[PDB]
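Visitor: This one is an experimental structure. Sequence first:
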Amino acid sequence: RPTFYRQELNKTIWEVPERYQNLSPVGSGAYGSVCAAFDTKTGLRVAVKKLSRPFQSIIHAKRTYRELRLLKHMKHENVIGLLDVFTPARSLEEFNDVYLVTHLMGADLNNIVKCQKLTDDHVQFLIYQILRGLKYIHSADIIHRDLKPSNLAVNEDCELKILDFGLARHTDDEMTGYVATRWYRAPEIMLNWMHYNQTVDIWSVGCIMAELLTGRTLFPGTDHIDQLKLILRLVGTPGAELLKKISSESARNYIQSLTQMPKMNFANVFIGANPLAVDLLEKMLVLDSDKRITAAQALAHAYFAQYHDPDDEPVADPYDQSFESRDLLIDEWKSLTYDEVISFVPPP
Ligand SMILES: CC(C)(C)c1cc(NC(=O)Nc2cccc3ccccc23)n(-c2ccc(CO)cc2)n1
């Protein structure tokens, strides 16, 4: 057991092993706070996420377990990995705080789209890495659901990792109005059309790729309805087949009220884009999530010829999320989390 030291930062106590030095706040939210630090043991700049009151409720307790379980499983160059997890507690009885540690990235995809003039090759490399990470995430039957620039960490060499800050609740209020929290969402998740699948993340990739290509938000709606209309203007109103898969009868009836529109010509929307980019966008930005290209399929698309290596695009080890449907008390979620803390083995 390491020695822990105590510090206050923005009204939050941080109690961390001495190995972590020069803690500096970088983000806060309902579910936790994040600091940058220097890990004297590895020589790495790290981010440390302290969960806020992890076992205060069943929902917090289960979220705490869920993130730990997930991060412990993620072992891929394009996905956040866990360097360390610790607690100041010496026993289960004492156990009340959880801290998670990863590589500091400090620089997201927003810090790239708005600043740099990105070439087509940059776009290839960035999207390639997203899809390479997504293939891995999706092979574990994990859906990101919230893919957007601020959830993509990018270093100076344009190396990318998928993460999820996951500090915010995603309430109705949070999804309301002219907000980036909604602009990258698949319409079926935005409007709760149906039970959704992992293709939701592909829609988000299309929105991100478009924006890297144009420097502009693809669907910057001023609200849910305005965003839907921007979407349908580009991709066409739904046909018969898709309409019946919209199981929310209310949503179905609204969408049939809309004046039918054809899918636009993407070469006329993305003027001057590599025609292979255009083709990939048309395959990603498909209204019907059954017909969207998957991450594995997209990696093999000619747009990525310069990067694709089918022997270097690994899948995940089997991930058992049977716990997701398990009905447990706070203290049971807590004891499971504790087992996971205690059994963590750091990367080589
Ligand atoms: C694997 C993937 C799907 C991309 C994912 C990644 C994460 N969590 C994080 O990325 N956590 C962290 C985000 C930012 C800084 C951190 C700095 C240090 C450590 C972690 C950190 N989650 C996540 C899962 C579940 C929940 C709660 O249900 C919240 C977040 N999911």
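Guide: Looks like it came in fine. Numbers count the residues shown, from 1 in each chain.

Visitor: any idea where the helices of the stretch 101-250 of the chain begin and end?
Guide: In the stretch 101-250 of the chain, the segments counted as helices under DSSP state H, counting those that start in this stretch are 110-113, 120-139, 180-183, 187-190, 200-214, 224-235, 240-245, 249-256.

Visitor: which of those is buried the deepest?
Guide: helix 200-214 (a mean of 23; mean count of other CB atoms under 10 Å). In this view, the C-beta of every residue, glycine as well, is placed from N, C-alpha and C.

Visitor: Count the residues that sit near the residue of the stretch 51-200 of the chain found nearest the ligand.
Guide: Closest approach of the stretch 51-200 of the chain to the ligand (CB to the nearest ligand atom) occurs at residue 166, with a separation of 3.1 Å. If you count neighbours by other CB atoms under 10 Å, residue 166 ends up with 17.

Visitor: May I have the phi/psi pair for the residue nearest to it when sequence neighbours are not counted?
Guide: Leaving out its chain neighbours, the residue that sits closest to residue 166 by CB to CB, 6 or more residues apart in numbering is residue 31, at 6.4 Å. Main-chain dihedrals, residue 31, degrees, to the nearest 10: phi -90, psi 0.

Visitor: Would you confirm that residue 31 contacts residue 63?
Guide: Yes. Counting by CB atoms under 8 Å, residue 63 is a contact partner of residue 31 at 6.8 Å.

Visitor: who's more crowded, these two?
Guide: Ranked by neighbour count (other CB under 10 Å), residue 31 and residue 63 place residue 31 first, with 20 against 17.

Visitor: outside of stretch 182-193, which residues touch it?
Guide: 145-149, 175, 194, 196, 199-200, 203-204, 207-208, 217-221, 224, 227-228, 231, 245-248, 251-252, 287, 289 (CB atoms under 8 Å, 6 or more residues apart in numbering).

Visitor: Equivalent analysis for stretch 40-49, please.
Guide: 14, 16, 18-21, 23, 26, 32-39, 83-84, 99-106.

Visitor: among these, which are in reach of the ligand?
Guide: 34, 100-102 (CB under 6 Å from any ligand atom).

Visitor: among the residues you listed, which are in strands?
Guide: 34, 100-102 (DSSP state E).

Visitor: hmm, who's touching stretch 20-39?
Guide: Against stretch 20-39 from outside (CB under 8 Å, 6+ apart): 7, 9-10, 12, 14, 16, 19, 40, 44-52, 60, 63, 83-84, 101, 104, 106, 165-169.

Visitor: Enumerate the positions of it that are buried.
Guide: Neighbour-count burial for stretch 20-39, with 16 or more other CB atoms under 10 Å as criterion, is recorded at 20, 23, 26, 28, 31-39.

Visitor: show me what contacts the residue of the stretch 201-348 of the chain found nearest the ligand?
Guide: Going by CB to the nearest ligand atom, the ligand is nearest to residue 201 of the stretch 201-348 of the chain, at 9.4 Å. Counting by CB under 8 Å, 6+ apart, residue 201 makes contact with 134, 137-138, 143-145, 147, 295.

Visitor: Repeat the analysis, applying 7 Å as the threshold.
Guide: 134, 143-144, 147 (CB atoms under 7 Å, 6 or more residues apart in numbering).
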